[PDB]
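Asker: Just passing along the structure, written as structure tokens.
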Amino acid sequence: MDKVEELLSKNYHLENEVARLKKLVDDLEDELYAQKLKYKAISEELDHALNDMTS
Amino acid sequence: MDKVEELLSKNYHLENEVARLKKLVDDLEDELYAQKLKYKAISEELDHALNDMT
């Protein structure tokens, strides 16, 4: 029928969205952790900075 | 009546999945942004720092 026609259509668009969101969510997960490691490393040279500047 | 019912159920689960993923993306974008505001605020401090001694 037609209620089936539109449902197939709506489900097609929905499945695509879900695909794009899952990938986006993964990309952000990585970007965010990469971010945290870059932040943690930014301090590593710093721990040696104020630490070696003190004594 | 058979597939029309299957279709509706799939559709329902998809709409909820989209809404949940959408909420997840928004949270990650916030965390990420917030992290950039600290990364930045910090950098601006080295400015007064590395050159402060130059």
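Just remember, in the structure tokens the first chain shown is A, the second B, etc., residues are 1-based per chain, and ligands are 1-based in the order shown.
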Counting only C-alpha atoms, collect the residues of chain B whose closest atom lies at most 9 Å from chain A, and write them out as a list in words.

Answerer: residues 3, 4, 7, 8, 10, 11, 14, 15, 17, 18, 21, 22, 24, 25, 28, 29, 31, 32, 35, 36 and 39 of chain B

Asker: Would you put the residues from that selection into a file with N, CA, C and O atoms, as a PDB file, in the first residue's frame?

Answerer:
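result14.pdb, written as the output of this step:
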ATOM      1  N   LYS B   3       3.859  -6.601   7.436  1.00  0.00           N
ATOM      2  CA  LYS B   3       5.049  -5.824   7.163  1.00  0.00           C
ATOM      3  C   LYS B   3       4.764  -4.401   7.630  1.00  0.00           C
ATOM      4  O   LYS B   3       5.668  -3.694   8.064  1.00  0.00           O
ATOM      5  N   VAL B   4       3.501  -3.986   7.545  1.00  0.00           N
ATOM      6  CA  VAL B   4       3.117  -2.643   7.973  1.00  0.00           C
ATOM      7  C   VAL B   4       3.365  -2.497   9.466  1.00  0.00           C
ATOM      8  O   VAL B   4       3.658  -1.407   9.954  1.00  0.00           O
ATOM      9  N   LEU B   7       7.315  -2.595   9.872  1.00  0.00           N
ATOM     10  CA  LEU B   7       7.788  -1.281   9.482  1.00  0.00           C
ATOM     11  C   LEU B   7       7.603  -0.249  10.592  1.00  0.00           C
ATOM     12  O   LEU B   7       8.538   0.474  10.917  1.00  0.00           O
ATOM     13  N   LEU B   8       6.406  -0.185  11.169  1.00  0.00           N
ATOM     14  CA  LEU B   8       6.114   0.765  12.245  1.00  0.00           C
ATOM     15  C   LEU B   8       7.009   0.567  13.454  1.00  0.00           C
ATOM     16  O   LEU B   8       7.490   1.531  14.056  1.00  0.00           O
ATOM     17  N   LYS B  10      10.015  -0.831  13.451  1.00  0.00           N
ATOM     18  CA  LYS B  10      11.372  -0.432  13.096  1.00  0.00           C
ATOM     19  C   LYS B  10      11.450   1.089  13.185  1.00  0.00           C
ATOM     20  O   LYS B  10      12.358   1.642  13.807  1.00  0.00           O
ATOM     21  N   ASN B  11      10.480   1.753  12.562  1.00  0.00           N
ATOM     22  CA  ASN B  11      10.407   3.207  12.546  1.00  0.00           C
ATOM     23  C   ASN B  11      10.442   3.804  13.955  1.00  0.00           C
ATOM     24  O   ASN B  11      11.122   4.799  14.199  1.00  0.00           O
ATOM     25  N   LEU B  14      13.866   3.464  15.408  1.00  0.00           N
ATOM     26  CA  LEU B  14      14.791   4.357  14.716  1.00  0.00           C
ATOM     27  C   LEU B  14      14.677   5.784  15.252  1.00  0.00           C
ATOM     28  O   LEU B  14      15.691   6.435  15.513  1.00  0.00           O
ATOM     29  N   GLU B  15      13.445   6.270  15.413  1.00  0.00           N
ATOM     30  CA  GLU B  15      13.219   7.627  15.908  1.00  0.00           C
ATOM     31  C   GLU B  15      13.818   7.818  17.293  1.00  0.00           C
ATOM     32  O   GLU B  15      14.386   8.875  17.585  1.00  0.00           O
ATOM     33  N   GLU B  17      16.316   6.040  18.525  1.00  0.00           N
ATOM     34  CA  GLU B  17      17.752   5.898  18.357  1.00  0.00           C
ATOM     35  C   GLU B  17      18.354   7.230  17.909  1.00  0.00           C
ATOM     36  O   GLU B  17      19.396   7.637  18.408  1.00  0.00           O
ATOM     37  N   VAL B  18      17.692   7.898  16.965  1.00  0.00           N
ATOM     38  CA  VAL B  18      18.135   9.197  16.475  1.00  0.00           C
ATOM     39  C   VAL B  18      18.146  10.224  17.605  1.00  0.00           C
ATOM     40  O   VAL B  18      19.096  10.994  17.748  1.00  0.00           O
ATOM     41  N   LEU B  21      21.103   9.449  20.014  1.00  0.00           N
ATOM     42  CA  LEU B  21      22.395   9.760  19.416  1.00  0.00           C
ATOM     43  C   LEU B  21      22.564  11.260  19.349  1.00  0.00           C
ATOM     44  O   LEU B  21      23.674  11.783  19.564  1.00  0.00           O
ATOM     45  N   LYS B  22      21.465  11.942  19.028  1.00  0.00           N
ATOM     46  CA  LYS B  22      21.470  13.395  18.947  1.00  0.00           C
ATOM     47  C   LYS B  22      21.841  13.979  20.309  1.00  0.00           C
ATOM     48  O   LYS B  22      22.564  14.960  20.391  1.00  0.00           O
ATOM     49  N   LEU B  24      23.641  12.537  22.525  1.00  0.00           N
ATOM     50  CA  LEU B  24      25.033  12.189  22.748  1.00  0.00           C
ATOM     51  C   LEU B  24      25.979  13.147  22.020  1.00  0.00           C
ATOM     52  O   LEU B  24      27.005  13.549  22.564  1.00  0.00           O
ATOM     53  N   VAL B  25      25.633  13.505  20.790  1.00  0.00           N
ATOM     54  CA  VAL B  25      26.459  14.407  20.011  1.00  0.00           C
ATOM     55  C   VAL B  25      26.491  15.771  20.695  1.00  0.00           C
ATOM     56  O   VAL B  25      27.545  16.402  20.815  1.00  0.00           O
ATOM     57  N   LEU B  28      28.869  15.654  23.705  1.00  0.00           N
ATOM     58  CA  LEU B  28      30.268  15.615  23.287  1.00  0.00           C
ATOM     59  C   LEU B  28      30.724  16.988  22.779  1.00  0.00           C
ATOM     60  O   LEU B  28      31.829  17.429  23.080  1.00  0.00           O
ATOM     61  N   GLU B  29      29.869  17.661  22.015  1.00  0.00           N
ATOM     62  CA  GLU B  29      30.184  18.985  21.485  1.00  0.00           C
ATOM     63  C   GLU B  29      30.371  19.987  22.629  1.00  0.00           C
ATOM     64  O   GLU B  29      31.167  20.926  22.528  1.00  0.00           O
ATOM     65  N   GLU B  31      31.349  19.127  25.888  1.00  0.00           N
ATOM     66  CA  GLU B  31      32.589  18.755  26.561  1.00  0.00           C
ATOM     67  C   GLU B  31      33.771  19.301  25.764  1.00  0.00           C
ATOM     68  O   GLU B  31      34.662  19.961  26.298  1.00  0.00           O
ATOM     69  N   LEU B  32      33.750  19.017  24.470  1.00  0.00           N
ATOM     70  CA  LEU B  32      34.797  19.430  23.556  1.00  0.00           C
ATOM     71  C   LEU B  32      34.991  20.940  23.571  1.00  0.00           C
ATOM     72  O   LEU B  32      36.114  21.427  23.692  1.00  0.00           O
ATOM     73  N   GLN B  35      36.439  22.192  26.748  1.00  0.00           N
ATOM     74  CA  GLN B  35      37.846  21.839  26.830  1.00  0.00           C
ATOM     75  C   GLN B  35      38.676  22.853  26.058  1.00  0.00           C
ATOM     76  O   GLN B  35      39.793  23.195  26.452  1.00  0.00           O
ATOM     77  N   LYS B  36      38.115  23.338  24.961  1.00  0.00           N
ATOM     78  CA  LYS B  36      38.786  24.317  24.133  1.00  0.00           C
ATOM     79  C   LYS B  36      38.843  25.661  24.834  1.00  0.00           C
ATOM     80  O   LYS B  36      39.758  26.449  24.602  1.00  0.00           O
ATOM     81  N   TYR B  39      41.823  25.057  27.234  1.00  0.00           N
ATOM     82  CA  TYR B  39      43.048  24.981  26.466  1.00  0.00           C
ATOM     83  C   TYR B  39      43.435  26.418  26.100  1.00  0.00           C
ATOM     84  O   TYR B  39      44.583  26.813  26.259  1.00  0.00           O
TER      85      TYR B  39
END

Asker: For a test of reading the model, state the distance in Å between CA of residue 26 in chain B and CA of residue 43 in chain A, rounded to one decimal.

Answerer: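 Separation between CA of residue 26 in chain B and CA of residue 43 in chain A: 28.0 Å.
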
Asker: Figure out the distance between CA of residue 20 in chain B and CA of residue 37 in chain A, please, to one decimal in Å.

Answerer: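 Value for the CA of residue 37 in chain A-CA of residue 20 in chain B distance: 27.1 Å.
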